[PDB]
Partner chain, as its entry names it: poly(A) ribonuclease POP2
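Given next, in structure tokens, is a single chain: the form solved without its partner chain.
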């Protein structure tokens, strides 16, 4: 059972290259790379990956990496993001973001909050930030309207789902370059989170998530003024 998400939308990937499932020998080679890649051997490993993972397998690889690895292996987010960067394909990156958005959509749209694995949610949110904001690439307003999503979640009593999704994404702006405060978009979201902290009468763990986020930017609650949307 699902609920509508007014302020979250997934677009289709534009692609002229026919997509196929990877054959057993390609899967074997790809898994070998993923299981043995380190910061030290990254460049050579990506060279090896390119010989096997041709563009007709980009959708397969994105679905695989996001659903089988990124969703459950937060310690490898930085490394996997570096692999995607090294591959040098905009199309691959688009598929990676697309699958991530679709997976996030399913979780955020699940009506029963007890049926949402909170760690999977936080992992996918952090991963999204890793392959967008942390690479100085935006998350488009047409896909996620963050301020509207937060205000709607307040109205619909969904902050326990939406807040950690927002904070785990936004923390990835902390070393960005483009998206660190005083970036007004980033700061705007922080100001609304501070307002909600004051007004929502929410669970302690949400206060914790906001505190952790502010700290990542070397900011405190006292350093910002709350918005007044609520």
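Positions refer to the first chain, counted from 1.
This protein has a second form, the form deposited with its partner chain bound, left out of what is shown; the following refers to that one.
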**Message:** Given a 4.5 Å cut-off on heavy atoms, tell me which of 41-49, 165-173, 66-74, 179-187 is the interface stretch with its partner chain in the entry with it bound.
**Reply:** 179-187
**Message:** Using a 4.5 angstroms cut-off on non-hydrogen atoms, would residue 141 count as touching its partner chain in the entry with it bound?
**Reply:** yes
**Request:** Would you check, heavy atoms only and a 4.5 Å threshold, whether residue 29 touches its partner chain in the entry with it bound?
**Result:** no
**Message:** Residue-level contact is defined here as any heavy atom of the residue lying within 4.5 Å of its partner chain in the entry with it bound; does residue 155 satisfy this criterion?
**Reply:** no
**Asked** Contact between residue 147 and its partner chain in the entry with it bound at 4.5 Å, heavy atoms?
**Response** yes
**Asked** Which pick from 111, 102, 119, 137 sits with a heavy atom within 4.5 Å of its partner chain in the entry with it bound?
**Response** 137
**Prompt:** Counting only heavy atoms, which residues in 1-39 are within 4.5 Å of its partner chain in the entry with it bound?
**Reply:** none
